[PDB]
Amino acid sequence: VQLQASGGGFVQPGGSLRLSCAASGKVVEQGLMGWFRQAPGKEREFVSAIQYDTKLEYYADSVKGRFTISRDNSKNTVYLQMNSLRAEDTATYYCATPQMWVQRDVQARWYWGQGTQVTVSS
C-alpha cells in the first residue's frame, strides 16, 4: 500500500490544520491507519489511529480532545483534524499502517511521501 501525506504547514498557537493521507493499494491493507510524529532529536510518537469502518478511534494522551481522525473509504483517505495547536506539536507528521510502524529497526527512515511538516510558532 502506498501512502501520500499532505496538509502540513505553519501556524501560530491556537491555530488548526487538517492533514490528509491518501492510500493506494488493497483495501485489506487499510484496516488500521495511524498518524505518528517526530520532532528533531526526539523519539517518534504515536498520535492517532482509526479502524477502516471508523467504529474505533485512538488518540495519544497529549493530543486527546484536540485532534480528530476520520476516513472517507471511497477516496481511501484518512484525515487528521488538529485544533488548538501548541509549539510542542511542531514535528513531521507521518501516516502509516501497522506493518510499517512496527519496526525491528526503529531508526530506519520512513518514506518521504508518508510525511508532512507541521510548524507551530508565533
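Start at 1 and count along the sequence shown; that's the residue number.
- Mean CA temperature factor is higher for 86-94 when stretches 86-94 and 47-55 are set side by side in the entry.
- Taking the mean C-alpha B-factor of each stretch as recorded, 56-64 and 70-78 are not equal, and the higher mean is that of 70-78.
- In the deposited entry, the Cα temperature factor of residue 12 places it in the highest third of its chain's modelled residues.
- Sort the modelled residues of the chain by CA B factor and residue 100 lands in the lowest third.
- In the PDB entry, residue 108 places in the highest third of its chain by CA B-factor.
- In the deposited entry, the Cα temperature factor of residue 3 sits in the middle third of values across the chain's modelled residues.
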